[PDB]
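Take a look at the structure below.
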Amino acid sequence: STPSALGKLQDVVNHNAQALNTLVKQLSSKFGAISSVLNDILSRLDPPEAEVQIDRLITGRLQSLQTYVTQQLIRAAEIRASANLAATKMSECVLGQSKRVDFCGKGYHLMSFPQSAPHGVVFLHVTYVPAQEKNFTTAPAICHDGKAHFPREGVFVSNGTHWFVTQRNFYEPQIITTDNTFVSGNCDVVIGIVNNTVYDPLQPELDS
Amino acid sequence: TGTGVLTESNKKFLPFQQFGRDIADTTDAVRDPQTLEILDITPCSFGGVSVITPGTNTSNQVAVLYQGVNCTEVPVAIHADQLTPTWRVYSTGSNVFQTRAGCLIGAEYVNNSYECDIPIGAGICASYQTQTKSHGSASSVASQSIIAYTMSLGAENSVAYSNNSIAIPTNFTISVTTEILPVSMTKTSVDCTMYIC
Amino acid sequence: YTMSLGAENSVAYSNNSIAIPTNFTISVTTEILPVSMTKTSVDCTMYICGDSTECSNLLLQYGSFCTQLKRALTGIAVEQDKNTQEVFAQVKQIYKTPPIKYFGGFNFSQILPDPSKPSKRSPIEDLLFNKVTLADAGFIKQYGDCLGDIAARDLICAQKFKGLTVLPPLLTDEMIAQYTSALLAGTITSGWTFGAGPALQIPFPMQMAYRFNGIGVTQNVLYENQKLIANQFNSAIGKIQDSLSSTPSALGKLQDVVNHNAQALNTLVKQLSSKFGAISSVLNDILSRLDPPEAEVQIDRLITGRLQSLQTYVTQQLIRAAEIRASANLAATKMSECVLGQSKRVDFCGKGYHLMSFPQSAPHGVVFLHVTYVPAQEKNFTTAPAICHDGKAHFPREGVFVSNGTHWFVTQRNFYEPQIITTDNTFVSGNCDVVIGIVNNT
Amino acid sequence: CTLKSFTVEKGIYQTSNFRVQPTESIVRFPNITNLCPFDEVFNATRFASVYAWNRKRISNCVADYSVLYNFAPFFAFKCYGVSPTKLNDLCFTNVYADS
Ligand SMILES: *[C@@H]1O[C@H](CO)[C@@H](O)[C@H](O)[C@H]1NC(C)=O
Ligand SMILES: *[C@@H]1O[C@H](CO)[C@@H](O)[C@H](O)[C@H]1NC(C)=O
Ligand SMILES: *[C@@H]1O[C@H](CO)[C@@H](O)[C@H](O)[C@H]1NC(C)=O
Ligand SMILES: *[C@@H]1O[C@H](CO)[C@@H](O)[C@H](O)[C@H]1NC(C)=O
Ligand SMILES: *[C@@H]1O[C@H](CO)[C@@H](O)[C@H](O)[C@H]1NC(C)=O
Ligand SMILES: *[C@@H]1O[C@H](CO)[C@@H](O)[C@H](O)[C@H]1NC(C)=O
Ligand SMILES: *[C@@H]1O[C@H](CO)[C@@H](O)[C@H](O)[C@H]1NC(C)=O
Ligand SMILES: *[C@@H]1O[C@H](CO)[C@@H](O)[C@H](O)[C@H]1NC(C)=O
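These protein sequences, in sequence, are chains D, U, E and H. One gets PDB author numbering by counting positions in the first sequence from 1 and adding 939 to each. One gets PDB author numbering by counting positions in the second sequence from 1 and adding 546 to each. One gets PDB author numbering by counting positions in the third sequence from 1 and adding 694 to each. One gets PDB author numbering by counting positions in the fourth sequence from 1 and adding 300 to each.
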């Protein structure tokens, strides 16, 4: 439906086509020559006299071809930058998972599927994008037994009455034990430190 | 020789010096030859012209932006006379807005801000906005529906920063975006004699 | 003299010699990325031909070079706007900084917007604005050509006189500054979470703990010496201001970009005075001296020369625009991975382990204040590749085995902090036979 | 016409350049007076003989051919190589008003 969805590849194809059409029109430009047809120039003036005119036309056409080739080199350098980009996207997005931010699609890139298209590739960047965020009160550490605890993997949040360590990119509360937090220092230096309780998984086994 | 505006100069010309030149060899300052006064040479107001339009299948009305010039003193002479309000001495009314980019004629300014559709220049963005302010036909407002407005850089969110407040996202979407990478332009070969000769 | 390749240090290699850094510095380095050269438009008739009608008529007969050049320049200009949008407009919403600008001591005042001065640019942004030579902004002075003056700095006036037109950026210097404000506000407030969708508030000490954890440095360091980090950060910002203002080589990259643009334009202007083999270099004088039937050859030669000069200008603009676009893709990558996140690519967001990054808009570019972690004050120790215990070789989970000289400690690999060796930091794999250099311990 | 189409799409398209033509002509030269001797020669106390025609050096001054008129009517005003009235637009290294 939307014609601009394939804007980049269609633009590349149109750039190729318009460069070719410009080349074709260069056979129509006079470039200061008496005309723009080789046969007419040859048939009108003798080679001793037509030499200047045909040289002028040759210079014009050759300069146009040189501009075409140089701009082809420039846009081929751009194509090769995008092609090394595509090779890296195949290697790190398709042949693997890339942790470079916003490299294989907005959000956290999950995986990519190559889809060949005329003179290019389409990456269906399957990415993970969160939504519906809930607000909580947080704390940079947890003071227990007079010593600090920092989360191994998650972040401390609180629904208002209870503190939970959660994964930093998907709301999933979990209770706090020693397996998710580690001790570092004491509760005299750190600002924002809050008193809480941190569970010991070994406790029930102390029944006997 | 020169073409431009001669204005009174605040700079005193040396008893023998002839006419001002700038760093890049330009006839910019001047001293009156006939009598002992000094002038400055100003380039004429020529800028450019650009056409802001929605889809042709959607509308046939238009707006015209003159880049660089300022609405206040711009000599908008008779460019092209037709049924449209543009390219005349003046527009049909208040739809003449002055931005740093230039003079927007045919589009009405809006104090409200929306997302940028057609970048005009210097932060102002245009849109063919169908409104009932004229209270006329649904698909065609009475005047030209092209309006300009300060580009809303987005919803002016206020991340509620607090020394203890955080946000964690409860839900997610497995988005499938689509990135198009050109890989190989059509390989081409030019027989030099066949093309040139 | 022969070049001193540096202090010829003798790395004290041994089978068991290692150095662990006990100290560090918060190096607020500075990387200046050109992002968008000034967008430009060349009125083919006004530049090549000026106001001469006969020249325009002859140029039309020549072909469509003007159309191709104008399309190329328009592509460059929309590419510059795209560069700004990709680099700066990395988020939809715009975030206002909270009124209580307290963040544990990290004095962002020189980088946060200044409510006192009307420009609302940060003081560091003000320094970067002053140090870099300025540019036209289309001031409303009722001069006919926006800005202008009498017998003053009229080089921009001269450029507008000659037909080259510097179109304004789509996002104004104030609007580019507000986009930069939004980015910096999100970075300070939301953290890295606003580049993945919605912005999620998080205090700056917690974001800095994440930045520590992302370079293999345990995040407790950021809180045990939080005040030291804050003071080093603020003093480094002050030294940044002092170096930028005093040392004139500080803003070399962007000033060189601006100078390249200016000298390209100046060379363009001087091409008008170049003869290229023509009897003169002024079209009006040629026309007034010789009628078109005989002035045709001279005006044609001058047209060809100026067209070649313009084409070379456009091609070198395309080359340097590909350079600016490579640096702008680098800047977008550095904002995504350094600003909108933490990049662990080595020496990508500044020398040392990159902590975090702050964008600061500068004329036609961005200054990244690459806050990095750099170790110092290393101590020597005798090390082992494993530790034999009960006939099985224990290997460190996350750290490295070093020895004071009489005690063995498993320490973090980039900050000296001895810890006793237990089963939680070490794991068993194999037996004490194939491990050469294995060391008895407990 | 610019897009070579009949269904142009939404957007802004650079069409042409806005120009303001000049409306007045200002030709000015710095008020030089420098009276050439023409009238003083023609009404002198005594002229010079024709065979010994006096070679009057006419240079460093500005010519005022408009006063060559208002003499006796139907006086011969022949000119060879250049028109008498166009002399105002010509410059000369030297002029001889031999009388
Ligand atoms: C937290 O717990 C410590 C002992 O673990 C106690 O001394 C202190 O009063 C409690 N409250 C605060 C605010 O530190
Ligand atoms: C907070 O979470 C605890 C966990 O069980 C729950 O019992 C409590 O009702 C929750 N309170 C609020 C206000 O969400
Ligand atoms: C955070 O809360 C207020 C407002 O931001 C601030 O002034 C204060 O210094 C901070 N207090 C704590 C306990 O973090
Ligand atoms: C998460 O969001 C999806 C919408 O994509 C919704 O269908 C689903 O029910 C949500 N999950 C929960 C647990 O509410
Ligand atoms: C230790 O010193 C050197 C370097 O490895 C080597 O020649 C020597 O044999 C080593 N000996 C042992 C026991 O590792
Ligand atoms: C670590 O280095 C900083 C350098 O800024 C120094 O001030 C600090 O005292 C050092 N730490 C120790 C424990 O000496
Ligand atoms: C180390 O421990 C082993 C037993 O696992 C013992 O045989 C050996 O003598 C000890 N010392 C050395 C240097 O290997
Ligand atoms: C090394 O550190 C340990 C830690 O307690 C200490 O007992 C020992 O004396 C130290 N030895 C040296 C040589 O520093």
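All residues carry an ideal CB built from backbone N, CA and C; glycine is no exception.
The shortest C-alpha to C-alpha distance from E:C743 to any of E:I850, E:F855 and E:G842 is the one to E:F855. Ranked by Cα distance from D:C1082, the options D:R983, D:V1129 and D:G1044 are led by D:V1129. For the pair D:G1059 and U:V729, the CB atoms are nearer than the 8 Å cut-off. Distances taken from the Cβ of E:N1134 to the heavy atoms of ligand 5 include none shorter than 7 Å. Closer than 8 Å to the CB of U:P665 there is not a single CB belonging to chain D. By the criterion of a C-beta distance shorter than 7 Å, D:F1089 is surrounded in its chain by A1080, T1120, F1121 and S1123, once the five residues flanking it on both sides are discounted. With a threshold of 7 Å, the Cβ atom of E:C1082 counts as near ligand 7, since some heavy atom of the ligand is closer than that. Against chain E, the CB of H:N360 has no partner CB under 8 Å away; the residue lies outside that interface.
Burial of E:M869 is indicated by the presence of at least 16 other C-beta atoms within 10 angstroms of its C-beta.
Judged by DSSP in its simplified three-state form, E:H954 adopts helix.
If you compare the alpha carbons of H:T323, H:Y369 and H:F392 with that of H:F338, the shortest gap goes to H:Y369. Residue range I584 to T588 is occupied by the beta strand (DSSP E) that includes U:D586.
Minimum Cα-Cα distance from U:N710 among the listed residues D:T1076, D:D1146 and D:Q949 corresponds to D:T1076. Contact residues of the stretch 1124–1146 of chain D toward chain E are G1124, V1128, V1129, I1130 and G1131 (C-beta to C-beta distance below 7 Å). CA-CA distance, E:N907 to E:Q1036, rounds to 10 Å. Contacts with chain H (Cβ-Cβ distance below 7 Å) from the stretch 832–849 of chain E involve no residue at all.
By the C-beta criterion, the stretch 952–972 of chain E is judged to be in contact with the stretch 843–862 of chain E, since at least 3 inter-stretch pairs fall below 8 Å. Shortest gap from the CB of E:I794 to any heavy atom of ligand 3: under 7 Å.
Taking U:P621 as the centre and dropping the five residues before and after it, the same chain places the C-beta of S591 closer than 8 Å to its C-beta, in chain order. Among the residues facing chain E, D:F1089 is included, as its CB has a counterpart in that chain under 8 Å away. For U:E661, no alpha helix (DSSP H) segment is defined, and its DSSP state is neither H nor E. The C-alpha of E:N1135 lies about 31 Å from the C-alpha of E:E918.
Between E:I844 and U:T553, the beta carbon gap of about 7 Å places them in contact (Cβ cut-off 8 Å). Secondary structure note for D:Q1011: its alpha helix (DSSP H) is the uninterrupted segment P986 to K1028. The beta carbon of D:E1072 falls within 8 Å of a beta carbon belonging to chain U, placing the residue at that interface. In the DSSP annotation of this structure, D:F1109 is not part of any alpha helix (DSSP H), being labelled neither H nor E. In this structure E:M740 does not touch E:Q774 by the C-beta definition: roughly 21 Å separates them, more than the 8 Å allowed. Distance from the Cα of U:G652 is smallest, within the candidate group U:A609, U:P600, U:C662 and U:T676, for U:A609. Inter-residue distance for D:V1096 and E:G885 is about 16 Å (C-alpha atoms, whole angstroms).
Looking at the DSSP output, D:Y1067 sits in a beta bridge with D:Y1047 and U:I720.
Annotated three-state conformation of E:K795 is coil, per DSSP. With its beta carbon at least 8 Å from every one in chain E, D:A972 lies outside the interface. If you draw a straight line from the Cα of H:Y313 to the Cα of E:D737, it is about 15 Å long.
Across the set H:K310, H:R328, H:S316 and H:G311, the C-alpha of H:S316 shows the shortest separation from the C-alpha of U:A626. Under the 8 Å criterion on CB atoms, E:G1093 is classed as non-interfacial with respect to chain D. Of all residues in the stretch 304–317 of chain H, only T307, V308, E309, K310, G311, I312, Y313, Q314, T315, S316 and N317 come within less than 7 Å of chain U when Cβ atoms are compared, listed by chain position.
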